[PDB]
Each structure stands twice: as C-alpha cells, then as structure tokens.
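The analysis underlying the following values was restricted to heavy atoms, covering all of them including side chains, and did not include hydrogens, waters or symmetry mates. Throughout, protein chains are lettered first and strands after them, A, B, ... in sequence-line order, and every chain is numbered starting at 1.
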Amino acid sequence: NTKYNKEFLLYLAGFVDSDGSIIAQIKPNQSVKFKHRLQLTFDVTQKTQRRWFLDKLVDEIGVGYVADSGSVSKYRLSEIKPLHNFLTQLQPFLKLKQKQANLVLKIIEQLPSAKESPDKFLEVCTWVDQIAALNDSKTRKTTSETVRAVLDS
Amino acid sequence: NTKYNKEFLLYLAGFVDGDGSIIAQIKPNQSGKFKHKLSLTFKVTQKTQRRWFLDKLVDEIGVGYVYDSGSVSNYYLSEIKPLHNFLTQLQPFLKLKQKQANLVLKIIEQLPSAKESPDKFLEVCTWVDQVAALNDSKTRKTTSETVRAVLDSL
DNA sequence: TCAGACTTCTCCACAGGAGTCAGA
DNA sequence: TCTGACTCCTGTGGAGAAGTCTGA
Ligand SMILES: [Ca+2]
Ligand SMILES: [Ca+2]
Ligand SMILES: [Ca+2]
Ligand SMILES: [Ca+2]
C-alpha cells in the first residue's frame with residue numbers, strides 16, 4: 001500500500017485516458033467452479049522506441065511489467081491487490097476512464113462473494129460487459145451471456 | 001494572456017503526450033515572400049463520440065477550434081500569440097513532446113526576423129525539420145531542402 | 001499578401017481484446 | 001483449482017501531415 005505523489009497521478013491519469021486501457025475479461029476455464037474466471041488489467045501502450053517511458057513507469061508504480069509485441073510495447077498490471085490500490089489512487093483524476101476504473105474496483109471487491117452463487121457470478125460478469133461497453137471494444141468474444149449459456153447445464 | 005491552473009496543465013500534458021500532436025510545417029504559398037508560409041499547430045485528436053471532451057478544451061484554453069474528419073474529431077490551436085502563451089505554460093509538464101514544444105516556441109519567437117534574409121528563414125525551416133524528426137513523421141512532403149530548392153533557383 | 005479558419009488523406013501506434021502455460 | 005506472467009492479433013482512433021479559401 002504505497003501512496004503516490006499527486007502530481008504524478010494527475011499527469012498519469014491524462015496519459016492513461018489517452019494511450020491507456022482499463023480492461024475486464026471473462027476467460028474460459030475448465031478447472032473452476034463456474035467454468036470461467038475473471039481477469040482485470042491496467043494497460044499502457046506505446047511504440048517500442050519509447051519503451052523507456054514504460055520502463056520508468058514500472059519503477060514509479062513499483063509493480064507490473066513491460067512486454068514487447070511487434071513494433072509496440074505495453075506496461076501491464078493485473079495483480080489484484082496492487083491494482084486495487086493503484087486504481088483507487090488514480091480514479092479521482094481520470095476523466096475518460098473513470099467509470100471503467102470504478103467498475104474494476106467494484107468487481108475486485110466482489111471477487112470473494114462471486115465464487116459462491118452462480119447468480120452472483122453472473123452479476124459480476126455484467127459489470128464486465130459494462131466496462132467493455134464503455135471501452136472502444138471491437139474483438140470481444142466471451143460475455144456474461146456466454147457464461148449463462150454454460151451455466152444452463 | 002490567460003493563466004492556466006496547474007492541476008489542469010498536469011493532466012492535459014499527460015493527455016497531450018498521449019493523444020496530442022505538436023506540429024511544425026512549411027507550406028507552399030505562391031502569394032508570399034519566399035513561396036513558403038510557416039504554420040504551427042497544437043492539436044488533440046479523439047473519436048467523434050467523445051467530441052465533447054475536445055469542445056471543453058476550447059472553453060478551458062479559451063481559444064482554438066474543433067473540427068470533424070471521418071470517425072474522428074480534432075481540437076486545433078494555430079493562432080500564434082495564444083499558441084505561444086499556452087505552450088509556454090504546458091511545456092514544463094510535457095514528457096514525450098517537451099522538445100517539440102520548445103522548438104515551436106523557439107520558432108514562434110524567431111519568426112519576425114526569419115522573414116528578412118533567405119538564410120534566417122531557411123535556418124528556421126531546419127527547426128521545423130527537427131520537430132518532424134522528433135514526431136512519428138510518415139507523410140511529410142515539404143522540408144527545408146524543399147525550401148533551399150526554390151531559393152537556390154530563383 | 002497573410003495568418004488563420006477549415007477540409008482531406010494516409011499509415012500507423014495504439015487500445016482492447018484473444019489466448020497459452022507454469023507454479024502456486 | 002486458479003492466478004498472474006507472457007504472447008499474439010485485429011481494427012481502429014489516432015497522430016502527423018497534406019491541402020483550399022477568405023478577409024483586411
Ligand atoms: Ca486514445
Ligand atoms: Ca463502446
Ligand atoms: Ca500516443
Ligand atoms: Ca521520428
């Protein structure tokens with residue numbers, strides 16, 4: 001639970017609203033109770049010639065990782081606890097992605113009670129649909145409906 | 001001269017380093033001294049669905065305009081005095097585009113003089129080249145060498 | 001003549017997902 | 001059982017130019 005400098009957070013929020021992404025996903029999984037698991041991700045993308053900027057970001061946030069894919073690189077953070085802490089601090093400064101952040105925070109807090117009632121799980125999956133609805137989603141496959149079809153069994 | 005709030009400049013700098021562009025151009029221009037007209041632009045691009053976000057910038061910066069192009073909108077500020085004023089205050093907070101901003105400010109200032117000798121003008125054109133070089137430039141046509149071509153000829 | 005309002009074009013550099021896998 | 005690290009892909013939503021056309 002580290003506390004970030006407020007000027008760092010204001011600049012970072014602007015950069016995230018622009019080149020970043022707050023992502024919620026339902027991923028198929030045979031070994032889990034409801035055959036699906038959730039994955040939340042904070043993401044900043046940038047051409048690989050500017051990877052250094054993403055490197056500095058790892059050091060500043062103090063967690064996460066950079067990966068390369070083609071001519072582009074990404075800072076990523078999916079680890080639940082640090083993510084919940086980070087977004088909680090960034091959230092008030094976000095303008096375009098404030099809702100996505102809030103939905104992700106809500107999802108994380110409900111994670112525990114979501115792995116019990118199939119009905120509660122679906123509810124949380126609906127929060128996921130809402131994040132995707134807010135994003136510029138274009139290649140999405142697995143939704144809360146997908147989960148339903150599967151639960152009906 | 002409008003003064004801007006600091007927390008505003010901090011967030012905007014981040015957003016500009018992300019979705020923004022600081023652009024220097026040499027444009028043709030028959031009805032002109034050296035047949036090339038200089039043009040500077042600060043710009044922010046966004047899907048037209050989020051045009052409101054750009055509309056607000058017009059109000060917060062206090063000048064500039066929003067226009068549409070396909071599925072996308074842009075905030076633009078080209079007017080030289082306010083551009084100078086705005087970039088001077090933003091520049092301190094920029095991370096990826098700080099050098100482009102300083103070059104634009106440098107060009108704006110050395111402008112009146114750059115319209116004296118074909119050399120002073122041409123030297124400022126090389127400042128334009130640097131901006132483009134620092135940008136992810138892909139569809140550029142007119143450079144300082146395009147200028148030297150029209151000057152070393154006449 | 002001229003800066004400044006306004007339009008068009010092109011090539012990515014993002015965003016926003018889909019997955020596989022290995023060690024908890 | 002399950003999560004978090006890591007890779008790969010699509011389809012734009014950007015960026016970074018290129019231009020035309022007034023008015024004073
Ligand atoms: Ca963006
Ligand atoms: Ca959407
Ligand atoms: Ca960018
Ligand atoms: Ca470059």
Side-chain angles (χ1 to χ4, degrees), chain A residues 16-33 36-41 43-50 63-74 76-83 96-97 100 111 115 128 131-132 134-143, chain B residues 16-33 35 37-41 43-50 63-74 76-83 96-97 100 111 115 128 131-132 134-143:
Chain A
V16 166
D17 273 345
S18 57
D19 277 341
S21 188
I22 295 176
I23 307 169
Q25 289 176 95
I26 302 151
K27 300 199 174 190
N29 172 21
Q30 292 303 123
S31 66
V32 59
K33 179 182 296 184
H36 300 94
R37 46 167 283 212
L38 312 187
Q39 172 135 31
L40 304 308
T41 313
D43 171 314
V44 180
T45 308
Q46 198 74 190
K47 194 173 160 205
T48 284
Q49 74 174 229
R50 281 182 297 274
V63 62
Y65 61 89
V66 181
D68 301 350
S69 70
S71 62
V72 159
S73 299
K74 295 168 150 273
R76 238 134 191 181
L77 177 57
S78 269
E79 199 184 352
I80 299 177
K81 281 182 276 185
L83 178 68
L96 300 186
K97 300 175 187 291
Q100 292 94 319
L111 237 46
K115 312 168 55 200
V128 184
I131 296 178
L134 292 162
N135 289 347
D136 295 335
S137 175
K138 294 179 290 290
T139 69
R140 184 159 148 85
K141 292 184 56 175
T142 309
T143 72
Chain B
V16 169
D17 273 344
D19 275 338
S21 189
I22 295 165
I23 305 176
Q25 296 175 81
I26 306 157
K27 292 193 178 183
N29 186 52
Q30 216 63 0
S31 58
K33 200 176 181 301
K35 303 291 182 169
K37 164 222 150 139
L38 278 201
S39 172
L40 296 308
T41 322
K43 100 189 283 191
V44 181
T45 302
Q46 199 82 2
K47 194 168 173 190
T48 295
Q49 164 186 163
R50 289 179 290 275
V63 287
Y65 59 59
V66 182
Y67 306 132
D68 299 335
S69 166
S71 172
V72 158
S73 296
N74 293 87
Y76 278 103
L77 171 56
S78 291
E79 181 174 15
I80 278 56
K81 284 184 181 188
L83 178 57
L96 297 183
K97 300 173 189 276
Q100 297 94 317
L111 216 55
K115 293 164 182 175
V128 183
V131 180
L134 293 158
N135 290 345
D136 293 344
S137 181
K138 287 157 281 188
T139 63
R140 194 172 186 240
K141 270 188 56 177
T142 314
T143 77

| field | Residue closer to the 5' end of DNA chain C, B/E79 versus B/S31 (nearest nucleotide) | value |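 Closest to the 5' end, via its nearest nucleotide, is B/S31.
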
| request: Could you pick out which residue, A/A132 or B/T139, lies toward the 5' side of DNA chain C when each is mapped onto its nearest nucleotide? | output: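 Checking each residue's closest nucleotide, the 5'-ward one belongs to B/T139.
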
| Any donor-acceptor pair under 3.5 Å joining the side chain of A/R76 to the base of D/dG4? |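 No.
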
Categorize [X] for me: base, sugar-phosphate, or nothing, with a 4.0 angstrom heavy-atom threshold over every strand shown.
{"X": "A/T45", "answer": "base"}
{"X": "B/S39", "answer": "nothing"}
{"X": "A/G20", "answer": "sugar-phosphate"}
{"X": "B/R140", "answer": "sugar-phosphate"}
{"X": "A/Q25", "answer": "base"}
{"X": "A/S31", "answer": "base"}
{"X": "A/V32", "answer": "sugar-phosphate"}
{"X": "B/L38", "answer": "nothing"}
{"X": "A/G70", "answer": "nothing"}
{"X": "B/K27", "answer": "base"}

| said: In this structure, is A/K74 a major-groove or a minor-groove contact, using side-chain heavy atoms and a 5.0 Å limit (strictly less than)? | reply: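 It's the major groove that A/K74 contacts.
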
| field | Side-chain contact groove (criterion: under 5.0 Å), residue A/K138 | value |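 Contact groove = minor, per side-chain heavy atoms under 5.0 Å.
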
| Sidechain N-carboxylate O distance under 4.0 Å for A/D43, A/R76 |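 Salt bridge between A/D43 and A/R76, a charged N being under 4.0 Å from a carboxylate O: yes.
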
| Does A/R50 pair with B/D17 as a salt bridge, N-O distance under 4.0 Å? |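 The answer is no: the pair does not qualify as a salt bridge.
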
| task | Label D/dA15 north or south, basing it on the sign of the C1'-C2'-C3'-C4' dihedral. | result |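 The sugar ring of D/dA15 falls in the south range (negative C1'-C2'-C3'-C4' torsion).
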
| query | When you check the sign of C1'-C2'-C3'-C4' for D/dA18, do you get north or south? | reply |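 It is north, as the sign of the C1'-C2'-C3'-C4' dihedral turns out positive.
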
| field | Donor-acceptor pair between B/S78 and B/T41 side chains, under 3.5 angstrom | value |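 On atom types as modelled, these side chains qualify, holding a pair under 3.5 Å.
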
| field | Distance-only polar pair, side chains of B/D19 and B/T45, donor-acceptor under 3.5 Å | value |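 No, because no side-chain N or O of B/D19 sits under 3.5 Å from a partner of the opposite role on B/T45.
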
| field | 5′-ward residue of the pair B/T142/A/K33 relative to DNA chain D | value |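 Here A/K33 is the residue nearer the 5' end.
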
Can you see if the side chain of [X] gets near the phosphate of [N] - specifically, an N or O under 4.0 Å from OP1 or OP2?
{"X": "B/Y67", "N": "C/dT7", "answer": "no"}
{"X": "A/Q46", "N": "C/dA13", "answer": "no"}
{"X": "A/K97", "N": "C/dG16", "answer": "yes"}
{"X": "B/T45", "N": "D/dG13", "answer": "no"}
{"X": "B/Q46", "N": "D/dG14", "answer": "yes"}
{"X": "B/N135", "N": "D/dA17", "answer": "yes"}
{"X": "A/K47", "N": "C/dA13", "answer": "yes"}
{"X": "A/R50", "N": "C/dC14", "answer": "yes"}
{"X": "B/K115", "N": "C/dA3", "answer": "yes"}

| Rounded distance in Å - CG (A/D17) to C1' (D/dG14) |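 To the nearest whole Å, that distance equals 15 Å.
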
| said: Output the rounded distance in Å from CD1 (A/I23) to P (D/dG4). | reply: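 After rounding, the gap between these two atoms is 16 Å.
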
| query | Any idea which of D/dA5, D/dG16, C/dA5 is nearest the B/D136 side chain? | reply |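 Minimum distance to the B/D136 side chain belongs to D/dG16.
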
| query | Out of C/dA5, C/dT8, D/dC2, which nucleotide sits closest to the side chain of B/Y76? | reply |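 Nucleotide nearest to B/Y76's side chain: C/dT8.
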
| task | Determine yes or no for a side-chain-to-main-chain donor-acceptor pair under 3.5 angstrom, with B/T48 supplying the side chain and B/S73 the backbone. | result |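 Side chain of B/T48 to backbone of B/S73: a pair is present.
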
| message | Treating B/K97 as the side-chain partner and B/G20 as the backbone partner, does any N or O pair qualify as donor plus acceptor under 3.5 Å? | response |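 Indeed, once roles are kept as given, a pair shorter than 3.5 Å links the two residues.
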
| said: Please evaluate residues A/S73 and A/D68 with respect to the criterion side-chain hydrogen bond (donor to acceptor under 3.5 Å, both in side chains), reporting the C-alpha separation (whole Å), side-chain torsions for both, the decisive distance (0.1 Å), and the verdict. | reply: CA-CA 4 Å; A/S73 299; A/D68 301 350; 2.7 Å; yes

